[PDB]
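Protein chains in written order, with the authors' numbering: chain E, 1 to 116, 135 to 300; chain C, 2 to 106; chain D, 17 to 112; chain A, 8 to 578; chain B, 99 to 195; chain S, -5 to 1.
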Amino acid sequence: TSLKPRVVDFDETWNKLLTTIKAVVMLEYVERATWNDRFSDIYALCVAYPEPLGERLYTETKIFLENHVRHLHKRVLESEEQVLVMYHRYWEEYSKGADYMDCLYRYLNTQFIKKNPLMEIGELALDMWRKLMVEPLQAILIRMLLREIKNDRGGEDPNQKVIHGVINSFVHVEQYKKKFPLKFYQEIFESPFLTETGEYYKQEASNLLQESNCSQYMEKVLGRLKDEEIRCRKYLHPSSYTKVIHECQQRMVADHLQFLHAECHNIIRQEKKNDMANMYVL
Amino acid sequence: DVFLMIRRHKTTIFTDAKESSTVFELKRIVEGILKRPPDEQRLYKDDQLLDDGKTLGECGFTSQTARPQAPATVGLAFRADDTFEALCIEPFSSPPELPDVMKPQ
Amino acid sequence: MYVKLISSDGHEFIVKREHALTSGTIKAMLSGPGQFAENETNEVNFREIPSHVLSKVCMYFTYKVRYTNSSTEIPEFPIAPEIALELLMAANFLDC
Amino acid sequence: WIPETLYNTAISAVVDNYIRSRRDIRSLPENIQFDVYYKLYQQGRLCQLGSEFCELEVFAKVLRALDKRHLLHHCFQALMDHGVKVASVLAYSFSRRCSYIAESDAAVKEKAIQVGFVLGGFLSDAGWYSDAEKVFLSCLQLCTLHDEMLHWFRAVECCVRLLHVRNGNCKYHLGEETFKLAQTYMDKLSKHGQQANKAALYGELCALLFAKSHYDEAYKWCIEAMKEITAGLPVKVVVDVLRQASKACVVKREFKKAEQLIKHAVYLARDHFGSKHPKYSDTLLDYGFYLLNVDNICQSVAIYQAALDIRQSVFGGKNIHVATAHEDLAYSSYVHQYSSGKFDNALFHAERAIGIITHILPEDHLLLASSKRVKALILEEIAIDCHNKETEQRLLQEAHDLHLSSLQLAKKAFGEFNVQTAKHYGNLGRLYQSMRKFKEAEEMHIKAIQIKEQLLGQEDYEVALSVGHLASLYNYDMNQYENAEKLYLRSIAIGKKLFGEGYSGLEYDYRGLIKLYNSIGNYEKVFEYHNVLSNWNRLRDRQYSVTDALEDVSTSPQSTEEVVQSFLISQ
Amino acid sequence: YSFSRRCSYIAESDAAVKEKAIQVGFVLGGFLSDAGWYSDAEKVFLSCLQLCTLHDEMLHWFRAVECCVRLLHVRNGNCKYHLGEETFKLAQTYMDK
Amino acid sequence: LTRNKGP
């Protein structure tokens, strides 16, 4: 055999590809020699005679992804109350499998997809993980994903790997769109996250002044803001680092500044240098 | 710099070496690749043993006949503790016979 | 640091890994399940690429890696007319 | 110095060892085949490249490389400049193929239609409408022998594409029959409970009726076309319908709607196709048509030239698509620099248009009428600026020959009662005024008014321009001031109604009235017309503010259905 | 281009193929010089000179200087006078040898 | 320059 256009059937070669692509996307073990052989099979399908079976290969690949992410969506619906950890466990496998599948479909990417509405295979899989996994679970996932970060502020220990992976997964789906590479993050999670943090830093922040005076409050202002800084490094994408901190201080300082400036007359005359640096950093 | 194809039976090491470097460094490269002792390695430059003392430049390899485009082949043999072995470099293949178009036929 | 580009005939072509990633396809074949080979040098089976043309592919790897961003004038790759068609399809499949 | 790819090196080697592997190149993958043939083009081997591109089997696999199509359109053009009639041979080969497989199963008949559709679309994109018409006629025959649903869709699509190649080739008599046949196939589709989209067909009919100067019915038919645009249409179809609707709105004196229509068309083409696509060049050409008819003249030259540079890069010389951009830029540069009088770049683009069209089209073809008119207009305006009488009487004689040729073509095709032959009459009237011929210029201008008044209304742009020409003939030449005053007032009123007080054509009417009142009396009118002319100059100082229309369209102005709905709700 | 590419592949061949290539190159370059394609005859004669200055044999200097007396001819007609002096110097070098 | 541009 040679790298020449030959008349090849699609059923046998596509079943041989179907086995290994089922292996890849679930991060199973597939033989390295078989992995190298399937590159030649992809080439043979892409330049087949008398018609290039590249469009058919892309169509059946998208059909396989339809049968795959929908099955994972059903499976993660079965595991109620465990949807977050199951979603992260399936998402890590699907992300690495989609990367390896982009590697396997490199000839289809360069010679058919980027030459002929058509998306690259590793980014078609990510867009499909959007529109069949997280879009059906849009309000469902945020229901308890926003709870765990709320629980962490309430004195709990949510899973660092599970929470960070799911929140970063919205960014990772946006990897291929060069236009708005953070629109999904800032329209599915970040906007619900910003309002929920504001509610937690308006209702609970007002509770600080209920039993504690201003001198105790200023120590507690730095307590929650720096604790928010620590949890920002953990559960948040770095592009959203600055705006959440500005929003959090807006809803518990910029709505209480009239009390701070009125008290600022007392700190000036008494020369309370201990809380002087508190006004300097804010 | 000198570029070589260290061929033994079917393996073909596409390595490079300095023109002033000696055969010992090349055998150490083969140590780093095929994990074999240099004492079990006899290198042939077209049916001619290379002594370990001499350099690549002296025995015939230069930067003009062993360019990166067409590196010069060198043989390799393994001892297996029994009087070494003869050179058994297997030629790659025959390209398809493309006849001269102006040949009378 | 070395990969073993095994051809269809059986001739293993142990070339440096940095040379092999000149071709995008070999880089893809060395990524994922292809990098899981624990036996040091990775074997990259090429059952569609004959040995006489994979040898020229490896020569091109060692040629382009050494002659990259060269300040002086660069010579063309010596390619035989009787191997040119087979090495054209080998260059497409390897994307080098 | 960077090493060349092993792909490019082997492409160089396979080409150089060409004939010993010229039958083995056809066994290569499609992209490799395109790269080999493009390397034959680059080395200058146009003879072997032509010998391979004249074969339908070789060229069909070349047409599969879509992303490199912009190269193919260039390569093809060089072959058609090489003297090798590639398009004619391909069309004849496809017709022979269809005649051979006339009796065969539908699984191989549909394959040749899809090969026929892509080849005919390539030749229509390349501008070989007389050669793309044979391919589409063969496809329509294949759809005509049998009668079923799929063949009916293929026949409808083939009559849509056959209408387009009968419009750019200026065969409108066959175009109306093509539209009737298309309507017959869509009626047969509808009687079987199935509706096919009519946006592309009605857009091509709008182009047909705009070319035949039936502006009212063309406006009605582009309303009918835009009434049936959804999100499922291809971008090219939506762009074509938007362009045709904008042009019909322009000649229907509805400048407001045509603004959003052509701007959204230009944005859609620049988004989906890019800034270096022939379809985007077509959109830029229609946008320049808009900007030239709005009196945004100085901008329009920057859009035709942008359209020409795309059509000159994608397509080489001696092409009808680069010739139409040449003749349109030549007219606009003549219009833009009419007051200045530096018709150096305008004449070069006019002689390039005729120098192409005379080489690829017959002498009795209608595209010469729109090209000879522009060169003759530039020649007439050049000769009245030079002081050599023996050169003026030669350039006006040449312009007389070109106007007579254009008039003959327009009268042969459209008849004596049409807007195109009437603006040819008006151009002849201007030329006869320049020729110091008085009564003949008067007769030509009266005939132009008579034909351009009934077929365009009493207050149209073109009829106002011809009234201004007749007023200048009566005023500056014939001394018939009693009628010239009324004609000047009519032209000023119509130009004020359609364009406003910033119309650039009002200066030649204001100065005419100033001269007339200077040599008849009522100097109180002269002083106030000097005041009005000064006010007009001050207003044109602000209306002359040059921008970039490619920035006037900006990025993401509206939505696709938003522009269509806004156009539709305003009748 | 075809001559240069097909002629750079036999740099290491035997003397018979090399001298056949030099003869073919002289004929072709002399044709292109007589036809007036001096830019396209310089490449042919440059490849000929390249294959003449490879082996250290007696007749190779004769063929090399015969290449250089034609490079200097096709460079004067191509108005490449700045390469002409160096071509003369290189030809004089092989005449010295 | 006595009249306007040609149609």
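Note that CB positions come from ideal geometry on N, CA and C, so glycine has one too.
What separation, rounded to the nearest whole angstrom, lies between the Cα atoms of residue 43 of chain E and residue 44 of chain C?
For the purposes of this step, residue 43 of chain E is taken as residue 43 along the first sequence, with counting starting at 1. For the purposes of this step, residue 44 of chain C is taken as residue 43 along the second sequence, with counting starting at 1. When rounded, the distance between both Cα atoms is 39 Å.
Can you tell me whether residue 26 of chain D is buried or exposed, with buried defined as 16 or more other CB within 10 angstroms of its CB?
Within the third sequence, residue 26 of chain D is the residue found at index 10, counting from 1. The residue is exposed, with fewer than 16 neighbouring Cβ atoms inside 10 Å.
Hey, which unbroken runs of the alpha helix (DSSP H) at 4 residues or more fall wholly within the region 147 to 188 of chain A?
Complete alpha helix (DSSP H) runs here, min 4: 156 to 172.
Whose C-beta lies closer than 6 Å to the C-beta of residue 90 of chain E among residues of the same chain, with five residues either side of it excluded?
The count along the first sequence starts at 1 and reaches residue 90 of chain E at position 90. Cβ neighbours of residue 90 of chain E beyond the five flanking positions: 72.
Of the residues that make up the region 68 to 101 of chain A, which ones have a beta carbon closer than 9 Å to any beta carbon in chain E?
So the close ones are 71, 72, 73, 74 and 75.
Applying the criterion that 16 or more other CB atoms from any shown protein chain within 10 Å of the CB defines a buried residue, is residue 88 of chain D buried or exposed?
Your numbering for residue 88 of chain D matches position 72 in the third sequence. It is exposed - the Cβ of residue 88 of chain D has fewer than 16 other Cβ atoms within 10 Å.
To the nearest angstrom, report how far apart residue 101 of chain B and residue 193 of chain B are at their CA atoms.
Within the fifth sequence, residue 101 of chain B is the residue found at index 3, counting from 1. Within the fifth sequence, residue 193 of chain B is the residue found at index 95, counting from 1. Approximately 26 Å between the Cα atoms of the pair.
Interface residues of chain A around residue 47 of chain E at Cβ under 9 Å?
The residue you call residue 47 of chain E lines up with position 47 of the first sequence. Correct list: 35, 36, 37, 38 and 39.
Give a yes or no on whether 8 Å exceeds the smallest Cβ distance from residue 31 of chain A to chain D.
As a first step, residue 31 of chain A is located in the fourth sequence; it is residue number 24 there, counting from the start. At least one chain D Cβ lies under 8 Å of residue 31 of chain A.
Relative to the C-alpha of residue 464 of chain A, which candidate in A:46, A:315, A:418 and A:505 has its C-alpha closest?
Here residue 464 of chain A refers to the residue found at position 457 when the fourth sequence is read from its first residue. Residue A:505 is the option with its Cα nearest to residue 464 of chain A.
List the residues that DSSP assigns as beta-bridge partners of residue 61 of chain D.
Taking the first residue of the third sequence as position 1, residue 61 of chain D is located at position 45. In DSSP, residue 61 of chain D forms a bridge with D:22.
According to DSSP, simplified to helix, strand and coil, what is residue 28 of chain D?
Working through the third sequence from its first residue, we reach residue 28 of chain D at position 12. If DSSP states are grouped into helix, strand and coil, residue 28 of chain D belongs with the strands.
Should the region 432 to 444 of chain A be called in touch with the region 153 to 164 of chain B, which here means at least 3 C-beta pairs below 8 Å?
Contact fails: fewer than three Cβ-Cβ distances are below 8 Å.
What residues in its chain sit with their C-beta under 7 Å from that of residue 42 of chain A, if we drop five residues either side in the sequence?
By one-based count along the fourth sequence, residue 42 of chain A stands at place 35. Correct list, in chain order: 18.
How about residue 98 of chain E: is its C-beta nearer than 8 Å to some C-beta of chain D?
Sequence index remark: in the first sequence, residue 98 of chain E carries index 98 (1-based). Chain D contact via Cβ: absent.
Return no unless some Cβ of chain A is closer than 8 Å to the Cβ of residue 62 of chain D.
Stepping through the third sequence from its first residue, residue 62 of chain D is reached at position 46. By this cut-off, residue 62 of chain D is not an interface position.
Jot down the residue ranges of each uninterrupted beta strand (DSSP E) in the region 37 to 81 of chain C, minimum 3 residues, whole runs only, in chain order.
Counting whole runs of 3 or more residues, the region 37 to 81 of chain C contains the beta strand (DSSP E) stretches 73 to 76.
Inspect the CB distances between the region 85 to 103 of chain C and the region 17 to 32 of chain D and report whether three or more fall short of 8 Å.
Counting Cβ pairs under 8 Å, three or more are found: they touch.
How big is the Cα-Cα spacing for residue 448 of chain A and residue 454 of chain A?
Working through the fourth sequence from its first residue, we reach residue 448 of chain A at position 441. Working through the fourth sequence from its first residue, we reach residue 454 of chain A at position 447. Going from the Cα of residue 448 of chain A to the Cα of residue 454 of chain A covers about 10 Å.
What does DSSP give as the partner residues of residue 3 of chain C in its beta bridges?
As a working mapping, residue 3 of chain C is identified with position 2 in the second sequence. In DSSP, residue 3 of chain C forms a bridge with C:18.
Quick one: what's residue 8 of chain C bridged to in DSSP?
Here residue 8 of chain C refers to the residue found at position 7 of the second sequence. Looking at the DSSP assignment, residue 8 of chain C forms a beta bridge with C:13 and C:76.
How many whole angstroms separate the CB atoms of residue 185 of chain B and residue 169 of chain B, which I take to be in contact at a CB cut-off of 8 Å?
Taking the first residue of the fifth sequence as 1, we reach residue 185 of chain B at position 87. Taking the first residue of the fifth sequence as 1, we reach residue 169 of chain B at position 71. Contact flag correct, Cβ pair sits at about 5 Å.
Please go through the region 540 to 574 of chain A and give each complete alpha helix (DSSP H) segment of 4 or more residues, from N-terminal end onward.
The qualifying runs are 556 to 559.
I need the boundaries of the alpha helix (DSSP H) containing residue 295 of chain A, first residue and last residue.
Mapped onto the fourth sequence, residue 295 of chain A falls at position 288. 285 to 300 is the extent of the alpha helix (DSSP H) around residue 295 of chain A.
Which two residues bound the contiguous alpha helix (DSSP H) that contains residue 363 of chain A?
Locating residue 363 of chain A in the fourth sequence gives position 356, counting from the first residue. Residues 352 to 367.
Let me know the secondary structure DSSP gives residue 12 of chain A once reduced to three states.
For this step, residue 12 of chain A is matched to residue 5 along the fourth sequence. In this structure, residue 12 of chain A counts as coil in the three-state DSSP scheme.
Counting contacts by CB-CB distance shorter than 8 Å, is residue 4 of chain C in contact with chain D?
Residue 4 of chain C sits at position 3 when you count from the first residue of the second sequence. So yes, residue 4 of chain C belongs to the interface.
Using the beta-carbon count (16 or more within 10 Å), is residue 135 of chain A buried or exposed?
Numbered from its first residue, the fourth sequence carries residue 135 of chain A at position 128. It counts as buried.
Candidates A:400, A:79 and A:62: which alpha carbon is nearest residue 46 of chain A's?
As a working mapping, residue 46 of chain A is identified with position 39 in the fourth sequence. Out of A:400, A:79 and A:62, A:79 has the C-alpha closest to the C-alpha of residue 46 of chain A.
Residue 22 of chain A and residue 50 of chain A - do their beta-carbons sit closer together than 8 Å?
The sequence position of residue 50 of chain A within the fourth sequence is 43, counting from 1. The sequence position of residue 22 of chain A within the fourth sequence is 15, counting from 1. For residue 50 of chain A and residue 22 of chain A, yes; Cβs fall inside 8 Å.
Kindly indicate if chain B contains any beta-carbon less than 8 Å away from that of residue 400 of chain A.
Residue numbering aside, residue 400 of chain A sits at position 393 when the fourth sequence is read from its first letter. Cβ-Cβ to chain B under 8 Å: no for residue 400 of chain A.
Buried or exposed: where does residue 240 of chain E fall if 16 or more other Cβ atoms within 10 Å of its Cβ makes it buried?
Here residue 240 of chain E corresponds to residue number 222 of the first sequence, with the count starting at 1. Its Cβ having fewer than 16 others within 10 Å, residue 240 of chain E is exposed.
For residue 46 of chain E, which residues in the same chain have their Cβ closer than 8 Å to its Cβ, ignoring the five residues on either side in sequence?
Position 46 of the first sequence, counted from the start, is the residue given in the question as residue 46 of chain E. Closer than 8 Å at the Cβ level, and outside the excluded window around residue 46 of chain E, lie 52, 53, 54, 57, 107, 108, 111 and 112.
Does the distance from the CB of residue 64 of chain D to the CB of residue 40 of chain E come in under 8 Å?
Locating residue 64 of chain D in the third sequence gives position 48, counting from the first residue. Locating residue 40 of chain E in the first sequence gives position 40, counting from the first residue. Contact: yes.
My output table needs one value for residue 215 of chain E: the three-state DSSP class, helix, strand or coil.
Translated into the one-based positions of the first sequence, residue 215 of chain E becomes position 197. Reduced to three states, the DSSP call for residue 215 of chain E is helix.
So that I know if they touch, is there some Cβ in chain E lying closer than 8 Å to that of residue 67 of chain D?
The residue labelled residue 67 of chain D in the question sits at position 51 within the third sequence. By this cut-off, residue 67 of chain D is not an interface position.
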